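# Fold and geometry: a report
Each chain, written out:
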Amino acid sequence: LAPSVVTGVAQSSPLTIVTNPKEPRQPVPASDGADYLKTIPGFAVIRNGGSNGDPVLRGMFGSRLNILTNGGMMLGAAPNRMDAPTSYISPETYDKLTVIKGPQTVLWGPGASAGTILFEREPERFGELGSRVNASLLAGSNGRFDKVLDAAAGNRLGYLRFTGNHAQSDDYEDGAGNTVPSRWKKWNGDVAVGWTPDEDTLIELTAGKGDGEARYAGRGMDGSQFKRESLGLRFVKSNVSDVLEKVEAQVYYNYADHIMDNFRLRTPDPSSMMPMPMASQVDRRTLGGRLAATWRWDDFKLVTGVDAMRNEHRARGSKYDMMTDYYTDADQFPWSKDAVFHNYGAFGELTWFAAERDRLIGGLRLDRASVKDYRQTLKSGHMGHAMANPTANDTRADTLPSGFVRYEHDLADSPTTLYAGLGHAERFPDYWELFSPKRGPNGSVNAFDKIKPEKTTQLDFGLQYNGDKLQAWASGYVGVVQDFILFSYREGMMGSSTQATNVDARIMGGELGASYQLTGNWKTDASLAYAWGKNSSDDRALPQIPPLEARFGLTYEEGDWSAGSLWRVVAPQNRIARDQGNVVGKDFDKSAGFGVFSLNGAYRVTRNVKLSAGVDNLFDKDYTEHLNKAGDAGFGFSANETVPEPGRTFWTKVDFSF
């Protein structure tokens, strides 16, 4: 019962990780969802500034990751992904984080090539009329202050629930004394109302707001606004038949609305290629639903259902005269839509419990994707002037089936689980892969016309050992990607032009981890994570693969309190692909290895108050991540200087639970 800071999360069961984002985490995460994933082996992060990192699982970027919140999906608006989905998630607000690695689930939506992230809140319950409350404050170096509250009242027939947080920080400093332009402010409030009429029935209505601002050292504009609006409807019935155990239905609505500019949290670089005040506003309305039914009878959990989703993207930009200098903010201009996506899908997952020691799992899902392009002009050609868009009002669609099989077997002599699975997923191109790139495949018309689906076939395997003093897990993958979508960077006159192409790719890698209890007070654990990719069409390494890394943990415990140290050692990355990558980042230089040491402690003062603290990067190491963005140069960054990581930082947090 001794409290503990979190430095790592193991695999609880084959391919799957389950954590709780409300326990304190030693490399003190910001307030994005990408940072609460850094403590899970397999995850890297592109750094843009101080918060809102872009997550990378086993080397894979972007929409290859299925990031949902309470079952529904929230999507960004910025065409360069300055407002990636995780920017709108504050994990502190959620009770459970689940990750399934690989292409091994069909229940949560199409095209989960690399893996599935599941932030959720869990329904209340009340033996009778009662009321519970959770709160926490965090204070740290560089103006770090995070408050979070979750409160709930109810009786055995219903409940009200409120969660919310406020968090902000100033610029941090690296291990070399410099200020990194990277402040942020976020807040979120959400309300639920839930009706439990009899014990086998629940309805829930959900609403929430959020806003945020962020300073980006690794972009040419800052995030002035991350306004979010959300409505949800959830309905479950249990024990419908005696072989239809559960039926669930869910509607969700997720409106993102984001402003990028260069004049609110910075001033325009006078030497830049946008030295005037620019601002560009973008929103993204998402509607989606899910209807699933669970049947269990004999040895068969079989979950069958359907889902469907529609999202709509719009934009408008600032107009700034130059000898009038009459700037006119973008919100005195009409909203100009350019994209509407639809997905309709149907899915099923069958599990077979053969014998005490064997399980066999099998999924399929057929999806029906489509997109319409409502751009009338495109700003290409000479100095980027209006040109009639050749795919204007066009509508492409595809029918993409996916699925997996997995076999899990338990040894007879030992507490070992062994597991191997095959999985194949197809993924319809992203907003960012269809509209963002200046140019499409060679001889295209645009990128919308030619970028083909991405079809990934992957083999997953590993094991679980959880004996008495040893608990260990491992998990590898070998896979092929056909038509892997890949960006390419040229520079000419106006700036640096992207270009999307479809290549074939080989991927491999893995993660392992173990934890050993030496004595009653002494614990150690370690984790390793490695990823490897190749461009088969060009005999090149894949761009933006995170280097090999290992973490070592050692702790001391006395029941009321604990202390621990943590060492993070990271190999250099030598397989790069210069001027290739994704919509946010390009490879340029081989990265340096490095190591970072840290310390943490926690005290359970009373049954309702607990404290914890940490110093991070104890030796003020001056490092950078391979995947980090290059910095503005308007912030005085040289050549291809990536954004430095945070130097020595201290943090302290109290956890109130009445």
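Residues numbered from 1 in each chain as written, not as in the entry; some residues may be left out. Heavy atoms only, no water.

Going by the PDB entry, the protein carries the name Putative copper transport outer membrane porin OprC and comes from Pseudomonas aeruginosa. In the Sequence similarities (unreviewed entry) part of its UniProt record, the protein is described as follows: "Belongs to the TonB-dependent receptor family." A UniProt comment under Subcellular location (unreviewed entry) is attached to the protein, and it reads "Cell outer membrane". (UniProt positions renumbered as here; feature names shortened; annotations may be inferred.)

This brings us to the sheet that holds strand β4 (residues 60–61). Pairing is antiparallel in the open sheet, where three strands are placed in the order β2-β3-β4. The two strands at the open ends of the sheet, each matched to only one other strand, are β2 (43–46) and β4. As paired elements, β2 and strand β3 (residues 54–57) share four bridges and run antiparallel to each other. The residue bridging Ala 44 from the neighbouring strand is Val 56, located in β3. (Pairing = 2+ DSSP bridges. Helix = DSSP H or I, 4+ residues; strand = E, 2+ residues; numbered from the N terminus.)

What follows concerns the side chain of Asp 587. Tracing the chain through its elements places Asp 587 in the loop between β36 (580–581) and β37 (594–603). Although buried, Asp 587 forms no salt bridge, and the nearest oppositely charged side chain, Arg 575, lies 9.0 Å from it. A polar atom in the side chain of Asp 587 sits 2.9 Å from the backbone nitrogen of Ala 577. If we ignore the near neighbours within four places in the chain, the residues touching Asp 587 are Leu 542, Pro 543, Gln 544, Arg 575, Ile 576, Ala 577, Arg 578, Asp 579, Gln 580 and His 626. (Buried < 20%, exposed > 50% of the residue type's maximum accessible area, 1.4 Å probe, protein only. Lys, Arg positive; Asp, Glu negative; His and termini not counted. Salt bridge = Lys/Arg side-chain N within 4 Å of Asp/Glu carboxyl O. Polar contact = N/O pair within 3.5 Å; in protein donor to acceptor, adjacent residues only side chain to side chain. Contact = heavy atoms within 4.5 Å.)

Across all of its chains, the model carries 15 aromatic pairs by this definition. Note on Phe 263 and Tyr 327: the rings are 5.3 Å apart at their centroids and 75° apart in plane angle, and the pair reads as edge-to-face. One end of the pair, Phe 263, is in the loop between β16 (244–261) and β17 (279–297); the other, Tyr 327, is in strand β20 (residues 327–328), with 64 residues separating them in the sequence. According to the relative accessible area criterion, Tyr 327 is partly exposed, its value standing at 21%. Of the aromatic side chains, those joined through ring pairs into one cluster are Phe 341, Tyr 431, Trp 432, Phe 435 and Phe 448. Positioned above the aromatic ring of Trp 432 is the side chain of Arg 81, whose terminal nitrogen or guanidinium carbon lies 4.9 Å from the ring centre. Over the ring of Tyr 374 we find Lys 337; its NZ or CZ atom is 4.7 Å from the centre of that ring. (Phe/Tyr/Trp six-rings, centres within 6.5 Å; stacked < 30°, edge-to-face > 60°. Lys NZ or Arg CZ within 6 Å of the ring centre and 35° of its normal.)

Quick look at the nonpolar core now. Formed by 28 residues in total, the largest nonpolar core has its most connected members in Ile 40, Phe 43, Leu 97, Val 99, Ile 117, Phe 484 and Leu 542. A per-element tally of this core places strand β28 (residues 470–488) first, with four residues. Counting residues in hydrophobic clusters, the runner-up holds 24 residues, among them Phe 61, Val 371, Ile 451 and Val 584. (Core = buried A, V, L, I, M, F, W, Y, C linked by side-chain atoms within 4.5 Å.)

On the surface, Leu 160, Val 191, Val 193, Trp 195, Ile 203, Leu 205, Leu 233, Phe 235, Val 251 and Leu 287 cluster together to form a nonpolar patch covering roughly 910 Å² of accessible area. Secondary-structure elements contributing two or more residues to the nonpolar patch are β13 (184–195), β14 (201–214) and β15 (222–238). Ranked by the residues each element gives to the nonpolar patch, the list is headed by β13, at three residues. Assignment of secondary structure puts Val 193 in strand β13. (Patch = residues over 30% accessible without salt bridge, like charges linked within 9 Å, V, L, I, M, F, W, Y side chains within 5 Å. Areas by Shrake-Rupley, 256 points an atom, 1.4 Å probe, with all protein chains shown as cover.)

This paragraph deals with empty space enclosed by the protein. Tallied over the entire structure, the rule returns eight cavities of 30 Å³ or more. Considering only enclosed or pocket space, the second largest cavity measures out at about 670 Å³ in volume. Forming the walls of the second largest cavity are 38 residues, and the residues nearest its centre are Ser 63, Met 73, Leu 75, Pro 110 and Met 309. Among the secondary structure elements, those contributing two or more residues to the lining of the second largest cavity are β5 (65–69), β17, β18 (300–317), β21 (336–352), β22 (358–373), β26 (416–427) and α1 (431–434). Split by residue class, the lining of the second largest cavity holds 19 nonpolar, 11 polar and eight charged. (1 Å grid on protein atoms, 1.4 Å probe; cavity = no way out; pocket = protein on both sides within 12 Å on 5 of 7 lines; lining within 4 Å. Points joined across faces, edges and corners; volume = space filled by probe spheres on them. Nonpolar A, V, L, I, M, F, W, Y, C, P; charged D, E, K, R; others polar.)

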